[PDB]
Amino acid sequence: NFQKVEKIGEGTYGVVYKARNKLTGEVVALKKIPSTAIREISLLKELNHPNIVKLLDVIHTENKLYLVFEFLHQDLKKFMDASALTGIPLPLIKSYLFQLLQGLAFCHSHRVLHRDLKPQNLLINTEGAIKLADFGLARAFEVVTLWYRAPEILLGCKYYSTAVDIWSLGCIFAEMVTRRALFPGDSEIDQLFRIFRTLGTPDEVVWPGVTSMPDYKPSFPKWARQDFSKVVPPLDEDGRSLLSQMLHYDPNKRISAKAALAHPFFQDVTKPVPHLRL
Ligand SMILES: CC(C)c1cnn2c(NCc3ccccc3)cc(NC[C@@H]3CCNC[C@H]3O)nc12
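When the letters of the sequence shown are read in order and numbered with the deposited numbering, they come out as residues 3 to 35, 45 to 152, 162 to 298.
Right, here's the structure in full:
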């Protein structure tokens, strides 16, 4: 029912093609991937928001799974690699952050988490919109990147909360601003140790219950924190204050997406259009 145009990427969950529906003329992203997955995925069809890549259809046929998504022309990694010499301008960074926080406040209010936010999962159009892609696919179901993984996941917490998406988004914010990934780990311990080196080794004072976590070891080295002004210059004081609340160790103290939308950093938010080369 779909004509493959080109290979657009390769996810955890299978390979993705830009495709054309032969009956409608519609251009879509076709992703080819147990009764349990079916019901979860079908619940995603109703989870609709302008800052979430629209799931158009779930095609369970000939004992196979295809997800048909809205197509967007560009991802945030490629826009960042392409914006490398001058950086993404601040008003655009802020507008993308604000829109992503809208999409997360939406999903989280419906008790749906992403779990794997990353620049390659954040898709942009020519209208200045940014959208979350693959929402809900990790709960429904190449080396997987760890750079955006929240410390409670890395510490083996089995029951992650919406706080894990705020951490990832925090990491992406820092990266848009500095033009470098914040925590580029290449293994779980390297990832954890890069977080500790920047934010301090967490203890019982900043994160109660931490030393009881499954993969916590008393033997972790103990590094002191660094100042956000060393970590993300040239971000201003409001952006630094928001980021630090998005990067709180304790997931219970981490700001929510809805509180983050009220933060003074967003007082002058606007919706710029990007210069996009397609
Ligand atoms: C949510 C999906 C299925 C969708 C809709 N548009 N789009 C684009 N568009 C950006 C793009 C366009 C042309 C060439 C490369 C990338 C890229 C893309 N890449 C797939 C990766 C692997 C699976 N999960 C999402 C992403 O990490 N997935 C999607």
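Note that beta-carbon positions come from the ideal geometry of N, C-alpha and C, so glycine has one too.
Spatial neighbours of residue i in its chain, beta-carbon cut-off 7 Å, leaving aside the 5 residues before and after
i: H71; result: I49
i: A277; result: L112, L115, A116, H119 and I186
i: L148; result: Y15
i: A201; result: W167 and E195
Cβ neighbour criterion (16 or more within 10 Å) applied to residue i
i: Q110; result: buried
i: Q287; result: exposed
Cβ separation of residue i and residue j, assumed to be a contact under 8 Å, to the nearest whole Å
i: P271; j: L175; result: About 11 Å; that fails the 8 Å criterion.
i: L103; j: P294; result: 6 Å
i: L32; j: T137; result: Not quite, the Cβ-Cβ distance comes to about 22 Å (not below 8 Å), so this is no contact.
i: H268; j: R260; result: Not quite, the Cβ-Cβ distance comes to about 14 Å (not below 8 Å), so this is no contact.
i: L78; j: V69; result: 6 Å
i: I192; j: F203; result: Contact flag wrong, Cβ pair sits at about 11 Å.
i: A151; j: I52; result: 5 Å
Cβ shell of residue i (< 6 Å), same chain only, five flanking positions each side left out
i: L143; result: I63 and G114
i: residue 322; result: Outside the shown range of the chain, which is 3 to 298, sits residue 322, and nothing can be said about it.
i: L262; result: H283 and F285
i: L255; result: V197
Boundaries (first-last residue) of the alpha helix (DSSP H) holding residue i
i: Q265; result: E257 to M266
i: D92; result: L87 to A93
i: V184; result: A183 to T198
i: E8; result: It is not in any alpha helix (DSSP H) - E8 instead sits in the beta strand (DSSP E) that spans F4 to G13.
i: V251; result: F248 to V251
i: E81; result: Counting along the chain, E81 falls outside any alpha helix (DSSP H), though it belongs to the beta strand (DSSP E) covering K75 to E81.
Beta-carbon proximity list for residue i, same chain, < 8 Å, skipping 5 on both sides
i: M91; result: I99, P130, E195, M196 and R199
Enclosing beta strand (DSSP E) for residue i [first to last residue]
i: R22; result: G16 to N23
i: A279; result: From DSSP, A279 is part of no beta strand (DSSP E) but of the alpha helix (DSSP H) over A277 to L281.
Exercise for the section: Would you check if the segment 231-246 and the segment 182-200 touch, i.e. whether three or more CB-CB distances between them fall below 8 Å? Expected result: Three or more Cβ pairs closer than 8 Å define a contact, and the segment 182-200 falls short of that threshold against the segment 231-246.
Handout entry: Cβ contact (3+ pairs, closer than 8 Å) linking the segment 221-229 and the segment 246-258
Key = No, the segment 221-229 is not in contact with the segment 246-258.
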